[PDB]
Each structure stands twice: as C-alpha cells, then as structure tokens.
C-alpha cells in the first residue's frame, strides 16, 4: 500500500518470522490432500530437537476453511486434540502455514498394518476409543463438530513425551450454513438420507465405525466408489433394515420416499450387527459389543453421546485404558515415508 506508514511496514517486515528461515522442511513432505501440504520439519536454530508438523493450507489468502480452522484451533486446548503452536502468514505468496507437534502415527496406517496380516491388541483398542471419545466430548461440549471423523484424522503420537496419545486432527473446516448439501464409509445413515445439518450424533456414528474397524481390522461399512444407494445397501447388510419402531422420524428425511422406491425390508431379514460381529470373532455378550451397538444406532436421537460412552462399563472392565495407547510396549508400526 502507498497510504500505509513506511516505518510501521519496514519495522514489521524486519521482525516477521518467516516459515522458511525458522524451519528445515525441504523434501520432507508427509501428506498432500484437500487439507494442503504437510511436512515433517526441524527448527533451523538448534534450540530444541523436536519433530514438528508444518501444514501449508490449500489455496491462498484467508478462506473460510482457513479462517475458521485458525479461529477454533486458537481457542481449543485438550490433550486429545491437535494443538496449534504457531501461524505463519507468508505475505509475498499469500500462503498460510500452521505449526503442530508431529504425530509419527495415525489410525489409517496402524489399521492398514494390522490388515496386512496379528489383530489389534484389546488393551490398545479400548485406549484408542477412550481417547477419541475424550477428545470429541471436549469439542462437542464447546459446540464444535468435527464433521469428518475417520481413521486418517485420528493421529497417534510416537516416541517422546506424549507416547501413544491420540490427537484428533483436521476438523471438517468448513461447511456453508453448517450444511452437507469420495469416502462414504463413516457417514451416518441420516446424511445418506439427505439430512441438512451436521450434528453431534453424526460424529458419534463415525466413532462407532472406527471402533468396529479397530476390533476387526476391516471397515464395517466398506463399499465401492448425498443419497448413495450402495452405501445404504452396505449399512443394511450389516445392521438390518430399521423397523418403523427403531427410527420413527425416518419418514421426515428428504430422501425417505426414494429409499422406499429402491429398497425392501425383506432383503435384509437375516442381517444384524450381532451376526456381522460374530463372523469377525467378537462376542455379542461382550461389553465391547454392547457399547459398539449403542454407538451404531441408526436413529440419531437414539445414539448415545460422547459423555455417556465414556461412562460405559466397558472402560471399567479389565484392562483399563491407558494414557499411552501402546502401553509401554515397543511400537512395531513403520515411521512415515516422505514423498
């Protein structure tokens, strides 16, 4: 600007910490996606030897996603939610960088390692679930929805002070009018039926999906590439078709008459969560199963909340959850490959 004060401008330019002077991250890219570019980085002044994650947000300037991600992360503080350490605004190229502590692991890679075979240890699974629930409860208590929960957004810290601690990452930033209108595996039936807003219950559905995926190593609602027919078909092949009594307000959903046109109850008559989970060697009289079933309730008003799930007697049955998901045992999962 020509009508901005020169002294003010050059003073700020002199003091401005630039990402590329502070951090070595050249060719250390670990993620590329709709989030943007995520690098494993090191501080160039050798003050600390910690690993950091540097995310360059997709796009330039201050978009809604960018604006709201910064706004919320600046306020949110909980052990199970990823902490924003610093924000770099690069003035030349109008790029926003965000700094986080580096999480060596995540549930996409952990589950896929187990699926490459050893099923996930039962102690670790419960601890993962407890910390996901703890983190989501904190977000929900603050009226913050994630809106995109899935294994790849559940980070787990590696060796260092926070060994085996879940960090929930990349909250669904953002959605215009809080409205949803290629992965459909973690989406609640009501979204698939044309629900017009995200809710706490939608997050809770995703958590049940994750929990089932931890117990079996298979995504419970795996399906091929709003209303998606085959995704709904898969839910019903697992869960059965909901009776009128199980989900009374299903008639209120915008895509309900489409569901009636395309589907018949009788197709899914010998289908239930019980029979699915028994084929994957999980007992239907287990506290695990009973908790899972409450999470995977079809009618969103009959799904338990995060707080009720944390109170579940599953977490009082031996073994107790631990702060370190790996329970002091050696971590067999490989470190992140660079791109």
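Positions refer to the first chain, counted from 1. Here, rigid core means the biggest group of C-alpha atoms that superpose within 1.5 Å across both forms.
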Fit on the core, then compare CA atoms: does 53-61 or 307-315 lie farther from this form in 8 other deposited structures of this protein?
-> 53-61
Per-stretch CA RMS vs shown form in 8 other deposited structures of this protein, rigid core as reference, larger of 237-245/121-129 is 121-129
Residue 182: gap in at least one third of other compared structures = yes
Which class describes the count of deposited residues lacking coordinates between residue 117 and residue 118: none, 1 to 3, 4 to 9, or 10 or more?
-> 4 to 9
Between residue 225 and residue 226 - deposited residues without coordinates, as a size class | 4 to 9
What stretch has the higher average Cα B-factor here, 26-34 or 63-71?
-> 26-34
So which stretch wins on mean C-alpha B-factor, 172-180 or 241-249?
-> 172-180
Which is it among 263, 97, 100, 108: the one with the largest CA B-factor in the entry?
-> 263
Looking at 43, 55, 40, 302, which has the highest Cα B-factor in the entry?
-> 43
Taking the chain's C-alpha temperature factors as the reference, tell me which third residue 194 falls into: lowest, middle or highest.
-> middle
Record-listed C-alpha B factor of residue 272: chain third | middle
Third of the chain, ranked by Cα B-factor, where residue 121 sits | highest
Among all modelled residues of this chain, ranked by Cα B factor, put residue 93 in the bottom, middle or top third, i.e. lowest, middle or highest.
-> highest
Determine, from the deposited record, the chain-internal third of the Cα B-factor for residue 229: lowest, middle or highest.
-> highest
